[PDB]
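Notes follow once the structure below has been shown.
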Amino acid sequence: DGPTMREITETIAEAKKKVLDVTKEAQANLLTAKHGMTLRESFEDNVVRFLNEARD
Amino acid sequence: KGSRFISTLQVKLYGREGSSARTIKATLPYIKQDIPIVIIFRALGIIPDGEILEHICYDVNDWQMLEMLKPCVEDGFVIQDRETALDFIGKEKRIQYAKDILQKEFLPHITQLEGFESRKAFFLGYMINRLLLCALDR
Amino acid sequence: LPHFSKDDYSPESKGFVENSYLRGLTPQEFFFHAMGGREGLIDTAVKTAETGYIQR
Amino acid sequence: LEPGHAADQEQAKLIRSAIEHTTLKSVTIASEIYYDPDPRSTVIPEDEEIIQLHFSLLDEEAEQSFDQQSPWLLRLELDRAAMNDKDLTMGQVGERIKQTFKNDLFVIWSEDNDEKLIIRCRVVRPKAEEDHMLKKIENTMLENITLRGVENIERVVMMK
Amino acid sequence: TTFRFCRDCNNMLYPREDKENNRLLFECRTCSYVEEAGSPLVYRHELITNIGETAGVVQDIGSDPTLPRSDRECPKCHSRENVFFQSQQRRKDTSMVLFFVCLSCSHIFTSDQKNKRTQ
Amino acid sequence: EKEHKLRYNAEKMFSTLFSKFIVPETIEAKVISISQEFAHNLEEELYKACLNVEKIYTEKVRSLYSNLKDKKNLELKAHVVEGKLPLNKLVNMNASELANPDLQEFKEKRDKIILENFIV
Amino acid sequence: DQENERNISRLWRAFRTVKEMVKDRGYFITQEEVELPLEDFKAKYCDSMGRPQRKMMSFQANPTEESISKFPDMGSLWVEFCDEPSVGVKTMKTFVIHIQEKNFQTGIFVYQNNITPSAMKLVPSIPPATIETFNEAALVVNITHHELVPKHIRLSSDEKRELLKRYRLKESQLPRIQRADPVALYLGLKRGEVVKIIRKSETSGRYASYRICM
Amino acid sequence: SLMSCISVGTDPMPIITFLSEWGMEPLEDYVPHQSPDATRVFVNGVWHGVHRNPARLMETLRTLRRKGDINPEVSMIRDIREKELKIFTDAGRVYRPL
DNA sequence: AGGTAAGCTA
RNA sequence: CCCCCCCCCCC
DNA sequence: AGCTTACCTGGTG
Ligand SMILES: [Zn+2]
Ligand SMILES: [Zn+2]
């Protein structure tokens with residue numbers, strides 16, 4: 001459905017802003033790393049999660 | 001093109017992370033052992049340190065890299081002139097044999113000619129700079 | 001890819017395929033999916049031989 | 001966890017901190033070697049209060065360390081975030097070094113409070129050439145000495 | 001650290017104690033040279049290194065097309081002309097801080113909100 | 001026997017602490033005779049802690065000194081000590097609770113953040 | 001107090017486990033003797049300073065009436081604790097003679113850190129009597145108490161004979177327990193002895209296996 | 001790929017000659033603290049010397065190839081951050097048109 | 001290439 | 001040297 | 001102790 005496609009695209013779009021936000025959060029050093037993880041290892045886990053939640 | 005001298009030069013960083021006296025030695029073709037870089041430079045005619053150090057670390061401010069080279073100076077300290085350096089690459093028979101290896105087999109690209117010790121020195125120096133840059137996580 | 005700017009941690013740069021198979025993949029989406037797909041074929045060949053011996 | 005402490009999160013935290021491996025390297029910023037000749041005083045004015053608290057009173061059998069120690073100083077700077085993170089005292093850390101090298105290493109430290117976290121170490125000479133000996137002792141210190149935890153147990157995570 | 005060489009043979013200078021006057025000297029082990037030490041510091045370790053972050057900031061940094069651009073005003077000249085990179089320290093742990101170079105004054109500044117940095 | 005010599009030097013720096021720390025009370029809303037007497041009320045108070053039932057102590061003297069000395073953030077807490085705040089509980093206090101309210105700001109922000117990242 | 005408290009706990013924890021093992025081994029020990037509380041242990045085996053006096057801890061254990069029926073030749077046991085972290089050859093001889101004179105069947109030596117290679121050589125020196133060595137640390141936790149550790153039962157020579165008859169077995173054909181195995185050590189298994197292992201089964205509920213010592 | 005080609009191998013000496021004629025100081029006479037910013041110039045992994053204004057040099061070479069004067073198959077890179085200029089006459093390099 | 005388990009050189 | 005088979009599946 | 005070194009590595013046509 002055309003309406004279903006809109007709902008899909010916005011779902012991807014919001015996950016993309018969500019991701020941009022956590023990227024801005026990490027660039028301003030306001031990001032705190034999870035146990036046994038690089039600040040970067042942490043960020044990537046968050047990003048991957050956001051996108052995989054999105055495709056589902 | 002020309003004979004195809006497939007000789008690969010290895011410049012090794014001995015000692016591991018958080019290990020006392022991290023020395024640097026290079027493996028030359030037709031010489032069993034890995035010679036400490038400082039000797040290879042003195043064999044090339046670059047005799048003082050800070051002239052050998054000048055060829056490796058270009059910024060005379062990078063204290064990190066310079067302290068990374070203090071052990072190399074100690075390892076090489078035992079030799080002080082070109083003869084003593086050519087001889088370590090072995091009498092009279094060994095000194096002559098050494099000159100030949102450094103001329104035709106050590107860094108054969110660049111030249112296999114003769115009087116290009118400075119051109120091959122700065123190159124070895126470039127390798128050691130590149131080695132230490134990765135070791136210091138840069 | 002040489003089409004991207006340096007230090008780009010975005011969904012697009014790091015390989016997010018936003019598009020469906022019906023809509024079709026962009027050249028970039030196509031190439032990342034191409035790398036992802038290649039990985040699969042390798043651990044297929046690998047697992048096929050490893051798993052075989054395990055049985056023996 | 002013990003049958004009676006199944007939901008006690010504090011019991012979990014307490015074991016977690018007691019089992020996880022922690023080395024002196026984990027809390028060190030940088031190590032340094034200085035020529036500080038008279039041990040009864042200091043060239044570094046930053047440490048003026050460090051000598052004024054411990055080299056001070058006591059005085060636990062003064063000269064105590066014979067004071068005929070070593071002119072070569074080994075100085076370690078510890079990370080405030082990392083110390084509090086793994087929950088450690090300057091006194092705790094100091095006692096681990098003091099107990100590792102026994103009486104052949106005179107140790108002092110800046111207090112938890114102080115703007116800078118410092119551990120001052122001097123070799124104990126019985127009755128020339130020491131520069132190498134300190135680089136040997138700092139390599140031991142960082143790579144060896146365990147401050148907290150069980151060896152091999154590297155990362156410890158809580159779970160409900 | 002920042003060490004010297006022997007004027008006379010340019011060789012490395014090794015430490016030595018003048019026990020009589022309680023001062024440090026640096027001697028040449030290839031000749032009879034000696035000189036008073038400048039600082040009491042001899043060796044510096046550094047486990048957590050922060051030097052190698054702003055590496056390769058040549059004045060031609062702007063002429064790299066691969067480098068991205070931002071519209072953040074300069075904290076010294078106030079220009080919305082920047083070329084930005086990430087920490088050149090090629091260590092695993094390294095934070096994702098951004099270093100901005102002005103293309104109207106050639107001065108570096110970060111997006112870091114945890115520290116009041118001037119390097 | 002040797003303990004007495006050690007215990008004497010302990011009270012000595014407490015009066016030193018109470019002579020150049022007692023000034024910010026008079027400089028901002030609260031002489032050496034008051035210090036010596038008040039400094040004694042810690043030496044034997046901390047002695048109740050060590051050699052229990054039947055080593056720790058010396059390190060607890062330094063913690064008491066360095067922190068109560070601090071100022072101008074820790075003098076606001078040191079003001080409470082001279083103006084009715086347990087001189088009995090402050091001896092067996094010893095930890096991060098002695099530290100600056102400015103230091104405690106960051107210590108609280110830190111601790112509560114570790115717990116979020118290792119609770120998985 | 002500091003870290004004296006932890007050493008006292010550990011030593012008492014290991015004392016319990018020794019008593020647990022001695023009881024399980026056949027010998028007469030009460031659950032009251034076993035479940036002895038820490039405050040009582042302190043008040044019995046610690047000096048004026050409240051510091052552990054191991055020499056006092058050493059005890060004698062005699063087989064139960066039940067044990068006498070299965071293994072008639074099972075004699076009495078002696079358990080010794082030493083206050084020397086490194087147990088010297090001069091101390092080991094003192095122990096060996098105790099077992100020989102009082103004609104003990106088994107002797108167990110609980111040590112702190114080590115026993116001299118000199119001392120550990122005069123161990124098989126007094127047959128038919130047998131000497132055992134346990135590090136205090138290994139005894140802190142009773143491994144037999146674990147989830148994964150099923151009940152092992154030492155079989156009589158007659159019980160072993162029967163197993164072999166009833167399955168038409170040669171000793172080679174039985175599954176094997178290693179002599180140095182924690183449970184083999186706990187029960188003081190000698191080579192050739194058989195252990196009946198009764199474990200729970202997701203298929204049958206209860207399954208009995210057997211292992212012979214090596 | 002359809003539009004990809006592989007370098008046949010060209011002559012380095014004309015580029016080497018052009019370079020030294022365009023501000024390339026020889027390696028034989030380099031003094032690192034005298035020329036600290038200096039960009040390292042490599043013709044087929046052979047370090048030849050250093051150049052003081054790499055920006056203008058790079059332009060000249062690029063304009064030379066585009067015109068035809070430097071063979072089109074010859075690869076030339078300027079790693080501004082690493083202070084390096086690598087050039088390849090080299091046979092075997094895989095290339096694509098853009 | 002890779003994990004092992006003999007086998008033995010400084 | 002190819003061929004062969006290349007299940008399943010994010011929720 | 002830490003070098004070296006032989007042993008194997010899916011199926012059919
Ligand atoms: Zn000299
Ligand atoms: Zn600017």
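Just remember, in the structure tokens the first chain shown is A, the second B, etc., residues are 1-based per chain, and ligands are 1-based in the order shown.
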
Quick one: everything within 10 Å of segment 4-8 of chain K, counting only C-alpha atoms (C1' of nucleotides), minus sequence neighbours fewer than 2 positions away in the same chain. Send it as a PyMOL selection string.
-> (chain C and resi 53) or (chain I and resi 4-9) or (chain K and resi 2)

Using only N, CA and C atoms (P, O5', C5', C4', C3', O3' and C1' of nucleotides), please write the residues we just selected to a file, as a PDB file, in the first residue's frame.
```
ATOM      1  N   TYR C  53      34.486 -33.005   7.786  1.00  0.00           N
ATOM      2  CA  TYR C  53      35.527 -33.653   8.567  1.00  0.00           C
ATOM      3  C   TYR C  53      35.007 -33.981   9.964  1.00  0.00           C
TER       4      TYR C  53
ATOM      5  P    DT I   4      45.346 -27.073  20.825  1.00  0.00           P
ATOM      6  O5'  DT I   4      46.292 -28.356  20.677  1.00  0.00           O
ATOM      7  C5'  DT I   4      45.733 -29.633  20.365  1.00  0.00           C
ATOM      8  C4'  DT I   4      46.790 -30.561  19.799  1.00  0.00           C
ATOM      9  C3'  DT I   4      47.955 -30.880  20.747  1.00  0.00           C
ATOM     10  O3'  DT I   4      48.021 -32.274  20.993  1.00  0.00           O
ATOM     11  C1'  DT I   4      48.720 -30.356  18.558  1.00  0.00           C
ATOM     12  P    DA I   5      48.491 -32.831  22.425  1.00  0.00           P
ATOM     13  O5'  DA I   5      48.973 -34.324  22.104  1.00  0.00           O
ATOM     14  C5'  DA I   5      49.267 -34.721  20.760  1.00  0.00           C
ATOM     15  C4'  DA I   5      50.764 -34.703  20.490  1.00  0.00           C
ATOM     16  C3'  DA I   5      51.657 -34.982  21.706  1.00  0.00           C
ATOM     17  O3'  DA I   5      52.499 -36.088  21.442  1.00  0.00           O
ATOM     18  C1'  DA I   5      52.430 -33.109  20.479  1.00  0.00           C
ATOM     19  P    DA I   6      52.482 -37.363  22.410  1.00  0.00           P
ATOM     20  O5'  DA I   6      53.908 -38.035  22.141  1.00  0.00           O
ATOM     21  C5'  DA I   6      55.096 -37.310  22.414  1.00  0.00           C
ATOM     22  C4'  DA I   6      55.768 -36.892  21.123  1.00  0.00           C
ATOM     23  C3'  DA I   6      57.296 -36.941  21.151  1.00  0.00           C
ATOM     24  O3'  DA I   6      57.777 -37.843  20.153  1.00  0.00           O
ATOM     25  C1'  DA I   6      56.506 -34.906  20.198  1.00  0.00           C
ATOM     26  P    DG I   7      59.142 -38.668  20.373  1.00  0.00           P
ATOM     27  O5'  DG I   7      60.273 -37.589  20.035  1.00  0.00           O
ATOM     28  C5'  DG I   7      60.365 -37.020  18.725  1.00  0.00           C
ATOM     29  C4'  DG I   7      61.269 -35.804  18.730  1.00  0.00           C
ATOM     30  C3'  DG I   7      62.402 -35.846  19.758  1.00  0.00           C
ATOM     31  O3'  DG I   7      63.649 -36.136  19.110  1.00  0.00           O
ATOM     32  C1'  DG I   7      61.383 -33.674  19.567  1.00  0.00           C
ATOM     33  P    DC I   8      64.968 -36.504  19.963  1.00  0.00           P
ATOM     34  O5'  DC I   8      65.679 -35.069  20.147  1.00  0.00           O
ATOM     35  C5'  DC I   8      66.011 -34.270  18.993  1.00  0.00           C
ATOM     36  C4'  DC I   8      66.110 -32.787  19.334  1.00  0.00           C
ATOM     37  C3'  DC I   8      67.356 -32.365  20.131  1.00  0.00           C
ATOM     38  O3'  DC I   8      68.108 -31.379  19.384  1.00  0.00           O
ATOM     39  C1'  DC I   8      65.385 -31.351  20.987  1.00  0.00           C
ATOM     40  P    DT I   9      69.648 -31.633  18.983  1.00  0.00           P
ATOM     41  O5'  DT I   9      70.256 -30.147  18.953  1.00  0.00           O
ATOM     42  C5'  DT I   9      69.923 -29.243  17.891  1.00  0.00           C
ATOM     43  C4'  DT I   9      69.471 -27.895  18.436  1.00  0.00           C
ATOM     44  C3'  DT I   9      70.581 -27.008  19.027  1.00  0.00           C
ATOM     45  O3'  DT I   9      70.568 -25.716  18.392  1.00  0.00           O
ATOM     46  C1'  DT I   9      68.717 -27.132  20.489  1.00  0.00           C
TER      47       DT I   9
ATOM     48  P    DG K   2      59.048 -19.151  26.877  1.00  0.00           P
ATOM     49  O5'  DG K   2      59.359 -19.561  25.356  1.00  0.00           O
ATOM     50  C5'  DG K   2      60.426 -18.934  24.636  1.00  0.00           C
ATOM     51  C4'  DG K   2      60.802 -19.745  23.406  1.00  0.00           C
ATOM     52  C3'  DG K   2      59.774 -19.717  22.260  1.00  0.00           C
ATOM     53  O3'  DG K   2      60.435 -19.432  21.000  1.00  0.00           O
ATOM     54  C1'  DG K   2      60.377 -21.946  22.786  1.00  0.00           C
TER      55       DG K   2
END
```

Find the residues around residue 74 of chain B up to 12 Å (only C-alpha atoms (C1' of nucleotides) counted), leave out those fewer than 2 positions away in its own chain, and share them as a list in words.
-> residues 21, 22, 23, 24, 36, 37, 38, 39, 49, 67, 68, 69, 70, 71, 72, 76, 77, 78, 79 and 80 of chain B; 11, 12, 13, 14 and 29 of chain E

Residue 20 of chain F: which residues within 10 Å, counting only C-alpha atoms (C1' of nucleotides), same-chain residues fewer than 4 positions away excluded, as a PyMOL selection string?
-> chain F and resi 15-16+24+32+35+69

All residues 8 Å or closer to residue 143 of chain G, only C-alpha atoms (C1' of nucleotides), same chain fewer than 5 positions away omitted, as a list in words | residues 149, 182 and 183 of chain G

Could you list, as a count of residues only, every residue of chain E that has an atom within 8 Å of an atom of chain D, counting only C-alpha atoms?
-> 12
